[PDB]
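Below, in structure tokens: the form deposited in one PDB entry, a single chain.
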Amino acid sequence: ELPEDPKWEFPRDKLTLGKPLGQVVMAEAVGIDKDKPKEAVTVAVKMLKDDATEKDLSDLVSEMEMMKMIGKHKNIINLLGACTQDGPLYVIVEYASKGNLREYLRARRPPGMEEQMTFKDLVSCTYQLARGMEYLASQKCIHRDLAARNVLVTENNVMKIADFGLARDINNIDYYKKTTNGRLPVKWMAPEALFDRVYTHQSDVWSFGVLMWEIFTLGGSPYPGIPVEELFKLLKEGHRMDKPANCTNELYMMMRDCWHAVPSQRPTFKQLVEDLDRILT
């Protein structure tokens, strides 16, 4: 069924599938690193469950193809290889030993809210992620699922944009389907995505604002106490989240600018990068 692409193809005899982290498992990939071709490199492998749908398979194939076209960056989980032939589809990606940003932040919370993090650590985290999105945007990629749970942290605390399952080319949003943007978590979605069936880089900027609010609240849930059923109405009425606890007015203004009603009046990722560098220096 799946064509050949031997630049990306990786032998199935050299992949030992370990414990779970579709389903993702810890694996050892012997010779996946070009410069050390005998050593067992720890990677992440995404595959189908036994109860998978036709959509699950085209989603996974779509995700793989997306990660080949976007290329290489410090602040995105990078495609390492793929087993496409002669058995189950395996999509092989970088292992990030400290897991998702949400649990990473919640675990480092000071006591009494129910290694700790500095203001600068939270600004640095946001800045890493803005650089990741500046690259993705420049590669014509819209992510469509920016959230803390879809950021992974490496052993060295590097922030990696993950879960390209919903990612598209900019020119591959269907204005002429009702179902377009139907599988995006609504609490992270720009209103134009919710309503008008569009999605631009400026839709991702809105999401990145929500990610910022998650970062500065140390892994808090957006619109606390507000059901997704009521959020649609509160947004068109112009509701916006209030400032996180130890967060400066400045970074709150940044979140608020990401949540402008008009997509083209929101800042670009390039502008967020410039501004976050000045605050981090």
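The term rigid core refers to the maximal set of C-alpha atoms that superpose within 1.5 Å between the two forms. Shifts are known only where both forms have a C-alpha. Sequential numbering from 1, following the sequence displayed.
The following text describes the form deposited with a partner chain bound, which does not appear among the structures shown.
Q: Within a 4.5 Å heavy atom cut-off, is residue 150 in contact with its partner chain in the bound PDB entry?
A: Looking in the bound PDB entry, residue contacts with its partner chain include residue 150, since a heavy atom lies within 4.5 Å.
Q: Does residue 206 make contact with its partner chain in the bound PDB entry, using a 4.5 Å heavy atom cut-off?
A: Contact check for residue 206: no, nothing within 4.5 Å of its partner chain in the bound PDB entry.
Q: Residue 127 near its partner chain in the bound PDB entry, any heavy atom under 4.5 Å?
A: No, residue 127 is distant from the partner.
Q: Against its partner chain in the bound PDB entry, would residue 184 count as a contact residue? Criterion: heavy atoms within 4.5 Å.
A: Contact with its partner chain, yes.
Q: State yes or no: after fitting on the rigid core, is the Cα displacement of residue 155 between the shown form and the other one at least 2 Å?
A: No, residue 155 moves less than 2 Å.
Q: Quick one: once the rigid core is lined up, does residue 181 have its C-alpha move by 2 Å or more between the shown form and the other one?
A: Residue 181 C-alpha, core-superposed: shift of 2 Å or more.
Q: Note yes or no: does the Cα of residue 97 move by 2 Å or more between the shown form and the other one after the core is superposed?
A: It does not reach a 2 Å shift.
Q: Closer or farther: how do the CA atoms of residue 181 and residue 70 lie in the bound PDB entry, compared with the form shown, if the change is at least 3 Å?
A: Compared with the shown chain, residue 181-residue 70 is farther in the bound PDB entry.
Q: By 3 Å or more, the Cα spacing of residue 181 and residue 153 differs in the bound PDB entry; is it closer or farther than in this view?
A: Compared with the shown chain, residue 181-residue 153 is farther in the bound PDB entry.
Q: Can you list, in sequence order, the runs of 3 or more consecutive shared residues with C-alpha shifts of 2 Å or more between the shown form and the other one on the rigid core?
A: Residues 171-184 form the single run that moves by 2 Å or more between the shown form and the other one.
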